[PDB]
Amino acid sequence: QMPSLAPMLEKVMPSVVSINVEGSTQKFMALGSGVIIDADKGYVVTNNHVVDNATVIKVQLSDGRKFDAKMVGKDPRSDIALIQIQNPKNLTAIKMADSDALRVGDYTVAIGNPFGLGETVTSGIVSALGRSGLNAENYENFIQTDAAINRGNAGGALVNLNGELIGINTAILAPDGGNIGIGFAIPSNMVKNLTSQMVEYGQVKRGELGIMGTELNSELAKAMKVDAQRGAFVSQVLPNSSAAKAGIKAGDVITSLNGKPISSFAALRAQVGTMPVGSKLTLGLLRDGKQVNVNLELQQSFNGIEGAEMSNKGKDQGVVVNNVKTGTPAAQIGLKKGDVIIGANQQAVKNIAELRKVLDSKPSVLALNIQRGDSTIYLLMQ
Amino acid sequence: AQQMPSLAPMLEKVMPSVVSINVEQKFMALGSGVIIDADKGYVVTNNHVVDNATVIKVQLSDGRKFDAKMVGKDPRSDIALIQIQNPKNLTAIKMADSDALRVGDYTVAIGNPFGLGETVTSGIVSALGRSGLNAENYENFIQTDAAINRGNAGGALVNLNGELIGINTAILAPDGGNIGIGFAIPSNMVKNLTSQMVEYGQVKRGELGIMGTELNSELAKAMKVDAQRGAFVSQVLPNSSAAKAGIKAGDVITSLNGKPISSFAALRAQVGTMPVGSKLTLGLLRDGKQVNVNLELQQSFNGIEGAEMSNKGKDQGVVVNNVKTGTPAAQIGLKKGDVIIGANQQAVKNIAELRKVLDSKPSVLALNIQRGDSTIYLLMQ
Amino acid sequence: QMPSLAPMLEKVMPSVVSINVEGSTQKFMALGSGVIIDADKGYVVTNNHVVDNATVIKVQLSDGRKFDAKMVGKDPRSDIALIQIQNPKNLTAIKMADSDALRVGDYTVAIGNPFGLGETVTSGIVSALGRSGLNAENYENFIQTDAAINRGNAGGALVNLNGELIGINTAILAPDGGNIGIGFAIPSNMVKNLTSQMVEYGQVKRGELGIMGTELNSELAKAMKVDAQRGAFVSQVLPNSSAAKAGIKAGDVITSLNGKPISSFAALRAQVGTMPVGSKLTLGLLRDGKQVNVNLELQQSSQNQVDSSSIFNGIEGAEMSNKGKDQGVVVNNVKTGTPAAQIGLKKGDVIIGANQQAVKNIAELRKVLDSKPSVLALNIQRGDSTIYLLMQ
Amino acid sequence: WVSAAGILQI
Amino acid sequence: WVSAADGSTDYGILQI
Amino acid sequence: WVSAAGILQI
Amino acid sequence: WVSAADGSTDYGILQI
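Listed below in structure tokens is the structure:
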């Protein structure tokens, strides 16, 4: 009686599909992998860079069956995209595990389509966690593994010995375009968060803390008289940001997020970068060698139109402008604070309801009959 | 104090079974081989390791050197068999049924990478029935992420029990360095190919005589077929074993001798390694109905130099029955119907007298044949 | 419940550090890995080629803590160096295992800092043992492993499933500068021996049997009517050498060392090359198809005793040792196109003194270098002439 | 690509 | 390198 | 070939 | 520059 992954794999492999793509940017052809998240709806997660600029998307199951898929959502910043199989019939979804349980040393199995050979399984271990820096603008909290991964594996599944998805194979560090035992996969939790949004919104509602900062190294710890040799150092907090409202001051060092310790600033950036707007979370700070806990709520970057905030005036006296932004296209068309929209396009405007009722008509050009002072002027749009 | 898991126990028994081969516009090459018959000194290896070899020397795990002579070779399957001269105290390997392998099974590769010496690496079965590296070859590869590089060829791929499951043959590497994708020929295919080379010195290759292509999901839809994979019969040649068996076009083959079929390319590789006259059984699928059939592979007087001839009447010379165009026979003029009256000023009544002239081994051969009512000559060398 | 290396790794990982180095030879920057041998003294072993010609050495732990380290010893011949963490606080040392128990097939785990990514763990198995030939002048008895090793892993740890050090990853065989499943590590036993000397002497007191020889191949076995197709063939034994006194004669084939079979001459060389002077050992010989056993004791090598990079920390291409009885430091051999010969140094020279201080042996010489003068003036003597050699 | 270390007819 | 399938040295200032 | 990360005398 | 009309740094070894 010999040990084997076969028993576990025969269960899991149907859940991993291979993706073929045709696009243009000049026609191109690409291929990679995907994982079935919802067998019934036919939801398949994959790397945004596999299905980017795609005109035609076809998915091939493990049994050979082909399907056509349509884009559902995409998030370049995290390199996660979600597609949907058309006419889903008899599919097999994968169970996701909590990536926060992973520990360097845990055994991993990779499943994908290297060089279009077909569904190929390789194994390895968790080399490291919370790796980042491949692209400082992207949200990356990678899992590192020595499991064989090459071009094609992208969007493929990385699972534990129980066949539970722990991550999505994304990139490798290779000087020759060939695996050298260093592969990276996006943690399952981050995929859980990102996809569930795309299902609901078609995109990701991104919430930020509104804080500037950098990696806390031993050097910077010495200068700031700080204990921890690692974490997120707050360079400054933006005014009117959730963090500011929460009581986060510059020079603070963030050490935990919702209880879970923080590996780095880059990691923390990737964490919240995948959480939906309005997500309430808690941080663990360190200021003056004192442990602090704070409750936060993600934030966006009456009625407001085109970067212009307005409201109603008295009782059906038009839509008065409260305050304007200079850099915004609002002030670029003339709009100033204090204006009162009497009407638009020869239609009387008493409130934001009648105003919006004109915008529902979607005219090529919008002519606003506002009034500044005792004068009556017009503003044009488009 | 404690107890650790290890491959060492298994390897110390198997490793002597794997040897390394050194081979000599002169060129020098090296690879690996596996001892199939300890007693006879039979060693299997890759045909591309021992191809065009003037000298073949085998070095055991203990350092002992021997000289080996070619026994058989089959470029189509890249399997070759050699024999150790003066076999003394060898260790052979036990073969396992490669048809039991499943993606996920643990694998161990043994060979001689870069001539470093016997090197052991491990991994798992990445995939099975991989093919397409060379469409003309019979390939039903096992895929493994076990470290395989230049030198590993002809080496052994074994399971945890030290049983041979395949012969490491090639790798997919853009830089000439392993990247986790190696291919090995299934043990069963080796079993079949070598056993022939031992008896015939070559492989008598048989065919079912059927045309076909890969059964994909698309084609399954058109033909109203369930299975999304297998061998689709485009047509059956007349007077072929398949035809005699009752195989009709539009049929989908699903199994071979019970064992399910991964693809048409696999099936081609399977029977491609079986000897002529082998009796096998196929599982077909026609009109959503399961069918079973019993088959017998087939082949595609005296013949000399790619030309097949016979005797004419009673000592009336050696008449030519049929010639091949691509062969050197027709390259010297020989065409069908010719009647060799004599050669080199010696009368030829039959193939016995003709051969008695060739036994003389003349530098040049002058055939006095006759076409129609004309008498002509053909020259050779 | 799933099997995992995590349990073992969380205990061992703190023991592996990553080394950052700045130097000049023209400033350069390099990085690698190291292993904490003594948690107290802050001793850290690593590859000599990682910390060679280093002006600044900083060590970063697994928890992110940084320290400064100073060189303690270095042995280019075996590519093993020893550094010491300055102000060692709350460290974790690793337990070493007996590399002589290793068998091809044993499972291995590699820990290092590949491309400075940080502490990275990979696994594999023992591919082979006693591999050598990468540099015929070096003492190499490598362990081979298919465990992923790349640039940065050097000086890293190679441990078994129990988290015990079995070797120090040193080099890989890669045509593209990227791992292809063939990595080499120096056996723990060799490290044990080399470091323990550096701790006491600051260098390695190289002993020898005093025998010349070469690899025993199948061809040579035929000529000498020998059974074994592998081992150390004794070309000749030096007069007044331990081997000679022991009764070893030329044409002999060494097959075992202290019971342990011999893979090759190169391996034997590496074995004893790490053992301390005066080490009593036993060899298994084969002369005239006859098994012989002999008791030996390593001695003080008269010639080619010590490299120059071991004393000048950066000056290679010149071997030298003590001369007779406190008669100075004679130079045994000099390589061409090397930093040493670049200042004039030639074979046969005998250092009488340096910077107006008499030099009788290597200890006195090193004593002057401890002063660290801006310029060094060696008072050597070639033939019957007395000259000087200036440095810096 | 690969390196050593249509209707088909069966 | 990686391929798809003044001030502290560790980083310039990123926004979270 | 190999990269860092005749009668001999014993 | 001028125009017609290891070891100590000040010079390599010249002969007098």
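Chains as they are written, first to last, in the entry's author numbering: chain C, 11 to 35, 82 to 357, 368 to 448; chain A, 9 to 32, 82 to 357, 368 to 448; chain B, 11 to 35, 82 to 448; chain G, 28 to 32, 54 to 58; chain I, 28 to 32, 48 to 58; chain H, 28 to 32, 54 to 58; chain I', 28 to 32, 48 to 58. A prime marks a further copy of an entry chain. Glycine included, C-beta positions come from ideal geometry on N, C-alpha and C.
Where does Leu87 of chain B land, buried or exposed, given buried means 16+ other C-beta within 10 angstroms?
Taking the first residue of the third sequence as position 1, residue 87 of chain B is located at position 31. Buried.
List, in chain order, every chain B residue whose beta-carbon is nearer than 8 Å to that of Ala230 of chain C.
For the purposes of this step, residue 230 of chain C is identified with residue 174 of the first sequence, where counting begins at 1. By Cβ distance, chain B contributes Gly234.
Span of the beta strand (DSSP E) holding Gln200 of chain C?
Working through the first sequence from its first residue, we reach residue 200 of chain C at position 144. Here the beta strand (DSSP E) through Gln200 of chain C covers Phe198 to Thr201.
Can a CB atom of chain A be found closer than 8 Å to the CB of residue 452 of chain C?
Here chain C has residues from 11 to 448 only, and residue 452 of chain C is not among them.
Within 8 Å of any Cβ in chain H, is that where the Cβ of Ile205 of chain B sits?
Within the third sequence, numbered from 1, the residue matching residue 205 of chain B stands at position 149. Yes, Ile205 of chain B lies at the interface with chain H (some Cβ there is under 8 Å from its Cβ).
Alpha carbons only, please: which of C:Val115, C:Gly223, C:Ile139 and C:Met127 is nearest the one belonging to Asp162 of chain C?
As a first step, residue 162 of chain C is located in the first sequence; it is residue number 106 there, counting from the start. Taking the Cα of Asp162 of chain C as reference, the smallest distance to any Cα among C:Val115, C:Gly223, C:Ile139 and C:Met127 is reached at C:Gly223.
Give a yes or no on contact between the stretch 259-267 of chain C and the stretch 320-339 of chain C, applying the rule of three or more CB pairs nearer than 8 Å.
Yes: at least three Cβ pairs fall under 8 Å.
Along the chain, where does the alpha helix (DSSP H) containing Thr251 of chain B start, and where does it finish?
Residue numbering aside, residue 251 of chain B sits at position 195 when the third sequence is read from its first letter. Its alpha helix (DSSP H) spans residues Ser244 to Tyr257.
Answer yes or no: does any C-beta atom of chain A fall closer than 8 Å to that of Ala16 of chain C?
Taking the first residue of the first sequence as 1, we reach residue 16 of chain C at position 6. Cβ-Cβ to chain A under 8 Å: yes for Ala16 of chain C.
Any C-beta of chain A sitting closer than 8 Å to the C-beta of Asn218 of chain B?
If you number the third sequence from 1, residue 218 of chain B lands on position 162. Chain A places a beta carbon closer than 8 Å to that of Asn218 of chain B, counting this residue as a contact.
Shortest alpha-carbon distance to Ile136 of chain C belongs to which of C:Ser320, C:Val177 and C:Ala326?
Position 80 of the first sequence holds residue 136 of chain C. For the residues C:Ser320, C:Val177 and C:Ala326, the minimum Cα distance to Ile136 of chain C belongs to C:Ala326.
Output needed in chain order: residues of the stretch 135-169 of chain B with a Cβ under 7 Å from some Cβ in chain A.
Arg159, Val160, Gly161, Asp162 and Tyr163
According to DSSP, is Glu20 of chain C part of a helix, a strand, or is it coil?
Along the first sequence, one-based indexing puts residue 20 of chain C at 10. Helix, per DSSP.
In terms of DSSP beta bridges, what is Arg187 of chain C paired with?
For the purposes of this step, residue 187 of chain C is taken as the residue at position 131 of the first sequence. Per DSSP, C:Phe198.
May I have the straight-line CA-CA distance separating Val91 of chain C from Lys248 of chain C, to the nearest angstrom?
For the purposes of this step, residue 91 of chain C is taken as the residue at position 35 of the first sequence. For the purposes of this step, residue 248 of chain C is taken as the residue at position 192 of the first sequence. Distance between the alpha carbons of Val91 of chain C and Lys248 of chain C: 12 Å.
What do you reckon, are the CB atoms on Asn169 of chain C and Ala204 of chain C nearer than 8 Å?
The sequence position of residue 169 of chain C within the first sequence is 113, counting from 1. The sequence position of residue 204 of chain C within the first sequence is 148, counting from 1. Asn169 of chain C places its beta carbon 8 Å or farther from that of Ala204 of chain C.
Could you work out which residues of chain C lie near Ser319 of chain A, taking near to mean beta carbons separated by less than 7 Å?
Translated into the one-based positions of the second sequence, residue 319 of chain A becomes position 262. What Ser319 of chain A touches in chain C: nothing, since even the nearest Cβ is about 10 Å away.
Can you find the residues in the same chain that come closer than 6 Å, C-beta to C-beta, to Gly54 of chain I, ignoring five residues on each side of it along the sequence?
For the purposes of this step, residue 54 of chain I is identified with residue 12 of the fifth sequence, where counting begins at 1. So the list is empty, once near-sequence residues are dropped.
Please say whether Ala374 of chain B and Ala397 of chain B have beta carbons closer to each other than 8 Å?
Within the third sequence, the letter at position 341 stands for residue 397 of chain B. Within the third sequence, the letter at position 318 stands for residue 374 of chain B. In this structure, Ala374 of chain B lies closer than 8 Å to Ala397 of chain B by Cβ.
For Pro332 of chain B, list the residues DSSP reports as bridge partners.
For this step, residue 332 of chain B is matched to residue 276 along the third sequence. DSSP lists B:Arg262 as partners of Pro332 of chain B.
By alpha-carbon positions, which one of A:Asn146, A:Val106, A:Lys97 and A:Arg133 ends up nearest to residue 62 of chain A?
The model contains no atoms for residue 62 of chain A, which sits in the stretch where chain A goes from 32 to 82 directly.
Starting from the C-beta of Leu217 of chain C, find all residues in its chain whose C-beta is less than 6 Å away, skip the five residues before and the five after it, and write them out in chain order.
In the first sequence, the residue the question calls residue 217 of chain C occupies position 161. Cβ neighbours of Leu217 of chain C beyond the five flanking positions: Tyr163.
Just to confirm, is the Cβ distance from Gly400 of chain C to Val387 of chain C under 8 Å?
Walking along the first sequence from the start, residue 400 of chain C turns up at place 334. Walking along the first sequence from the start, residue 387 of chain C turns up at place 321. The answer is no: Cβ separation not under 8 Å.
Identify whether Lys301 of chain A lies in helix, strand or coil by the three-state DSSP scheme.
In the second sequence, residue 301 of chain A corresponds to position 244, counting from 1. Helix.
Determine, using beta-carbon pairs with one atom in the stretch 248-258 of chain B and one in the stretch 199-214 of chain B, whether at least three such pairs fall under 8 Å.
Because the criterion of three Cβ pairs below 8 Å is not met, the stretch 248-258 of chain B and the stretch 199-214 of chain B do not touch.
Could you list which residues in chain H have their beta carbon closer than 8 Å to that of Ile267 of chain B, in chain order?
To locate residue 267 of chain B, count along the third sequence from 1; it is residue 211. The contacting residues are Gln57 and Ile58.
Residues of chain C with CB closer than 7 Å to the CB of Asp52 of chain I, please, in chain order.
Along the fifth sequence, one-based indexing puts residue 52 of chain I at 10. Within 7 Å Cβ-Cβ: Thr270, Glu271 and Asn273.
Would you report the Cα separation of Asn245 of chain B and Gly329 of chain B, rounded to the nearest angstrom?
As a working note, residue 245 of chain B is residue 189 in the third sequence. As a working note, residue 329 of chain B is residue 273 in the third sequence. Their Cα atoms are separated by approximately 12 Å.
Thinking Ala32 of chain H and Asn225 of chain B are a contact (beta carbons under 8 Å), I'd like their distance in whole angstroms, please.
Position 5 of the sixth sequence, counting from 1, holds the residue named residue 32 of chain H. Position 169 of the third sequence, counting from 1, holds the residue named residue 225 of chain B. That belief holds up - the Cβ atoms of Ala32 of chain H and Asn225 of chain B are roughly 6 Å apart, short of 8 Å.
At a Cβ threshold of 8 Å, is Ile238 of chain A touching chain C?
Within the second sequence, numbered from 1, the residue matching residue 238 of chain A stands at position 181. Yes, contact with chain C.
So what does DSSP say about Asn104 of chain B, is it helix, strand or coil?
Along the third sequence, one-based indexing puts residue 104 of chain B at 48. The answer is helix: DSSP assigns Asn104 of chain B an H, G or I state.
When DSSP labels each residue in this structure, what does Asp162 of chain B get in the three-state scheme?
The residue you call residue 162 of chain B lines up with position 106 of the third sequence. Strand, per DSSP.
Going by the CB atoms, is the gap between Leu354 of chain B and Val348 of chain B shorter than 8 Å?
Translated into the one-based positions of the third sequence, residue 348 of chain B becomes position 292. Translated into the one-based positions of the third sequence, residue 354 of chain B becomes position 298. Cβ atoms of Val348 of chain B and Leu354 of chain B: not closer than 8 Å.
Cβ atoms of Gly212 of chain A and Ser274 of chain B: under 8 Å apart, would you say?
As a first step, residue 274 of chain B must be located in the third sequence, where it is residue number 218. As a first step, residue 212 of chain A must be located in the second sequence, where it is residue number 155. Cβ atoms of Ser274 of chain B and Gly212 of chain A: not closer than 8 Å.
Any idea what DSSP makes of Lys391 of chain A, helix, strand or coil?
Within the second sequence, the letter at position 324 stands for residue 391 of chain A. Three-state result, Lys391 of chain A: coil.
Measure how close the beta-carbons of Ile167 of chain A and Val177 of chain A come, nearest whole angstrom, since I'm counting them as under 8 Å.
Along the second sequence, one-based indexing puts residue 167 of chain A at 110. Along the second sequence, one-based indexing puts residue 177 of chain A at 120. About 5 Å; that satisfies the 8 Å criterion.
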